[PDB]
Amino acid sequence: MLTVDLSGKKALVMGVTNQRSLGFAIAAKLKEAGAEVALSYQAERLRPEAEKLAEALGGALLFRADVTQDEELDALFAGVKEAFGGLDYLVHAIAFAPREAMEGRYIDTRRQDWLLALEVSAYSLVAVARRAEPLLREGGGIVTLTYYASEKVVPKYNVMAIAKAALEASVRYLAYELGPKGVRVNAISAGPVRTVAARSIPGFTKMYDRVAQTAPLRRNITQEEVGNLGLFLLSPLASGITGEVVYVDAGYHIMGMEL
């Protein structure tokens, strides 16, 4: 038998809303593997859900941070430094684009909506990686969540496609810059999973059924499959893997035209 024991390890998981959150799926596996887990949630309105998540993990520290707010980010990492001392793992599971940007055409994206989507969904990784850098121990890691539309056009995903392209390029540069400290940086490209944010993509259910039709495994992936890949990449089992975008999508993205 192989055991993954992360006793002694400290994890901060940013971007949890409820138990369907992919950030949460990774937090669960990290806690199960023995790490101490802190969750960050976006706004006070989400505190009651974050409390339920801490409880479902059997214990987790909670912190409020909006990634557009540099003061709140400073306070987060100050709080994590005080509670943990050093940090091993950082999970970045945050994305946003304004409803109107997702519902219209990409070409019709308003300037301030476009910038907000990039700010929240891509710049935030840089914001948190910079603040995490002095805390992160040798062997530690940052993992983010991205989607195939960075490479190929998925209708209605619009500015998020572009944010994910910026997010993946960021992963490579941060991997290059944090690598000498023995800190790894990777992206999980997840296939469609029915989360809270899934409702924000028009035609998500079409995407979802389409993936299950065409993917090599002829099924959608699960939250736990994302959780397990996040666990692996953060664990010492993945000690030689950095700067990568690793797909957990039942093979969907390798497919060209079928039927």
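Take the two forms, superpose them, and find the largest set of C-alpha atoms that agree within 1.5 Å; that set is the rigid core. The first residue of the sequence shown is number 1, and the count goes up from there.
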{"query": "Stretch departing more from the displayed form, 36-44 or 222-230, Cα RMS in 4 other deposited structures of this protein (core fit)", "finding": "36-44"}
{"query": "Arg194 unmodelled in at least a third of other compared entries", "finding": "yes"}
{"query": "Missing-residue flag, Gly203, threshold a third of other entries", "finding": "yes"}
{"query": "Mean C-alpha B-factor comparison - 110-118 and 163-171, higher one", "finding": "110-118"}
{"query": "Mean C-alpha temperature factor, higher of 182-190 and 131-139", "finding": "131-139"}
{"query": "Among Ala149, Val91, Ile94, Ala101 - the residue whose C-alpha B-factor is largest in the record", "finding": "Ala101"}
{"query": "Entry-reported Cα temperature factor of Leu61, expressed as the chain third it lands in", "finding": "middle"}
{"query": "Chain-relative CA temperature factor third for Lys10", "finding": "lowest"}
{"query": "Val153 by Cα B-factor - lowest, middle or highest third of the modelled chain", "finding": "middle"}
{"query": "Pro202 by Cα B-factor - lowest, middle or highest third of the modelled chain", "finding": "highest"}
{"query": "Third of the chain's Cα B-factor distribution that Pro48 belongs to, per the entry", "finding": "highest"}
